[PDB]
Structure formats: structure tokens, C-alpha cells
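# Structure at a glance
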Amino acid sequence: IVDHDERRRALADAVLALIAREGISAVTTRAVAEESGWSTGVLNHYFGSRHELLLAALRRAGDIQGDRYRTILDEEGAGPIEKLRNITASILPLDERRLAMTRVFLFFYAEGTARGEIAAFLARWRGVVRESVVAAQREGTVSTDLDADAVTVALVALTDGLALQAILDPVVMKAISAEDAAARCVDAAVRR
Amino acid sequence: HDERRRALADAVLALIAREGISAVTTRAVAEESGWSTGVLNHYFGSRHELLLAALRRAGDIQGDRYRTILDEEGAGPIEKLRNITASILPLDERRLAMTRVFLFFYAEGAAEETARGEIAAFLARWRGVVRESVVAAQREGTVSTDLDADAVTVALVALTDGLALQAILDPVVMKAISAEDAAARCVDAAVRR
Ligand SMILES: [Cl-]
């Protein structure tokens, strides 16, 4: 399932750019029209509610994230644990992309379909984590006494708690900005 | 006047537990509380003010829960960490309401300084009580001396909070956290047992 409308993709990207720069409150049809170079008429016929404009950004953020998973899983030489560290890092709001994604997801977390979008985001994230936990177990690096389902639920919950607190609380933002932060999350989940 | 404001905040929490944030209106809070809309209007200027009072009240009750837990005769540090952790999980009306109202304000705090500072105080209070118990366990020799108490604390609070927030929107996480041993498992993950 892909968005083929290059203009809608560009509009959703302008929304995310605005979210990273100025926060969700700065998103309006007028501000996005100004950011993107297209008319309020063009936007009003795509969306006609701020909610739909934000929802576009949520979906675009999810798609880019899915491409990140792909890049991470297909990296030559990387093992299950490196992949899990990379997946975990990719959720942490440590650059503009991930700052915008965390902000738009948090906005819709609270409003919750698209709690359907949220569910899809979570299920795909757990999906890629579970595969790599199971791969690490198969390699013998993670205890086969551990339930891969429980490990996955723990890692995803920890990572998301950190990502969400971090945008509210500079204590946690400092914590996740440490070079070893993703590796620490993974180690806690799989028990080193 | 101050007890009346508190009772009204309690009414908002009751609605939040039962039917969600969207159920909070002047009329519903009057019906729930027994106070007329004119008494409500005296204390609160807006629906948003009702919700902020609920956030503050939920945090205050949670503060009293910490003190009850920390004061339990014969409870050890690990037991206290377990009970602290469980006290956050949305497993009854109190904790369901609390998680729902915090989630609302997390989203708001992702934009507004007033709500952000309320969330920050709550998280710091919670880390403070967790850290006390983590260091007490290290001092008794039951938690590894080679772990950094602050890092363990950040991790446990983030895990517990991630699970509580995910639980109110994800039925499988809700199922996971309602297992008797859920809080024990969170503590063990965080202290790298
Ligand atoms: Cl409790």
C-alpha cells in the first residue's frame, strides 16, 4: 500500500517539516500552503480539516519509518542484536525526522481509526523486533527460555516510554542522547 | 472551598475512568458530583481547567500511594519497587483515569509549557521514589552494585509508563500488564536481575 500522489506526499512532508520546526500547534492549512507553495484551495480539496492534515503527516511519518526498517534489516553483515539496536534508535526523537514522528504520533495517541494508523504502526514495529529477537534466540545469543513475545512487548514499551518522555522531559532527553542508549534498551529487554 | 474543588476533581476522574476524556463536560461533572453547574463555574473557568484539576488530583492520590508503599512494615526495597510499578499500571478505575488524563496532557505538553511542567514534576516525583528503593536494594546487596541507580530508575519508569500508555489503546498490552507478575517482571528487566 503506497501513496502515488506526489503532491500529497509533498504536502505531508511540509506538515512534518513544520511539526519538527514549530510544533503541532503551528500546523494550519494556511501555514502549510505557505510552506509548500500550493494554494489553500489545493489543500482545502485534499483535507479541509487540520485533523486530516495532521493525519496525512502521521501516515507519511509511518511510511518513512517502514523504509527505515527495510534499510536496517537489509544491511549486509548486521546481526539480530545490531538490528534491534538500530530499530530502537530509529524510534528515539534524536533528529528532525524522529522528532516530528514522535510528536505526530503522540498527538494521535491521545485522540485515540486513525487509532487504526496507531495500531498498524505498533504492530509493524513489534513485527520487526519480534523477528530479530527470534533470530537472536536461533543464533543462541538470547536465552531460548525467554518468551520472544514478552521480550518484544517490553522493548517496544520501554523505547516508546523513553521517546515520549524525552519530548516532555529534558532529563530523559539527556538520557537517550547517550551513545549507548539503544544498546542499553535492547540489553534490558533480552537480558544482556 | 478547597475540599469542594477536590471532590469536583474526583468526579472528573470518575467520568474519565468510566467513559473517557470526551465524557467530561460541565453537565456530566454536575451529575456525577451532585454540585450545581453554578458551583462548578465558581471553581473552574473552562472544560480545560476541569481536566487540569483532574490531572493534579490524580497525581496527588498517586503521591499518597507512594507514601503508603514506602511506609509498609516489613516491605523490602524490591517489594517496594514492585508495588510502585504496579501502582502506575491501568488496572482499576483510579489507575485507568490517571493514565488517560496524563496521556491527554502528554500530548498537550508536547506543545504547552504549563502542562509540560506538571508532567515533568510527576515524572521527577516518581523517579525520586524509585531511585530511593533502587539504591536501598544496592545497599542491601540485592541489586547489582555495578548498575547506575539513575539509569536503572529512568529505564524502569520509562518501561512502566510505556506499558501503561500502550495498555489503554492496545488490548494485548492490557492483557500482558494484568498478569499477576507483570510488575515483578518490569523490576527484574530494569535491575538487570
Ligand atoms: Cl495501586
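What counts and how
Residues numbered from 1 in each chain as written, not as in the entry; some residues may be left out. Chains lettered and ligands numbered in written order. Heavy atoms only, no water. Residues with missing side-chain atoms left out of burial classes, pairs and counts. Contact = heavy atoms within 4.5 Å. Buried area = accessible area lost by both parts, 1.4 Å probe. Salt bridge = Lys/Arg side-chain N within 4 Å of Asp/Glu carboxyl O. Polar contact = N/O pair within 3.5 Å; in protein donor to acceptor, adjacent residues only side chain to side chain. Helix = DSSP H or I, 4+ residues; strand = E, 2+ residues; numbered from the N terminus. Nonpolar A, V, L, I, M, F, W, Y, C, P; charged D, E, K, R; others polar.

X-ray crystallography is the method the PDB entry states for this structure, with the resolution given as 1.90 Å.

The name recorded for chain B in the PDB entry is HTH-type transcriptional regulator pksA related protein, from Rhodococcus sp.. The record lists its title as "Crystal structure of HTH-type transcriptional regulator pksA related protein from Rhodococcus sp. RHA1".

The name that the PDB entry assigns to chain A is HTH-type transcriptional regulator pksA related protein, with the source organism given as Rhodococcus sp..

## As for the interface of chain B and chain A
With 28 residues of chain B at the contact, the number on the chain A side is 31 residues. Here chain B packs against chain A, burying approximately 2600 Å² in sum over the two surfaces, 65% of which is carbon and sulfur. Broken down residue by residue, the surface that chain B buries against chain A is led by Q166(B), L169(B) and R192(B), which jointly contribute 23%. Summed over the shared surface of chain B and chain A, the result is two salt bridges. We note a salt bridge from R127(B) to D169(A), for which the minimum N-O separation is 2.8 Å. Applying the counting rule to chain B against chain A returns seven residue pairs in polar contact. Broken down by element, the residue count for the side of chain B that touches chain A peaks at eleven residues, all from helix α8 (residues 149-167) of chain B. Partitioned by chemical class, the residues of the side of chain B that touches chain A number 19 nonpolar, three polar and six charged.

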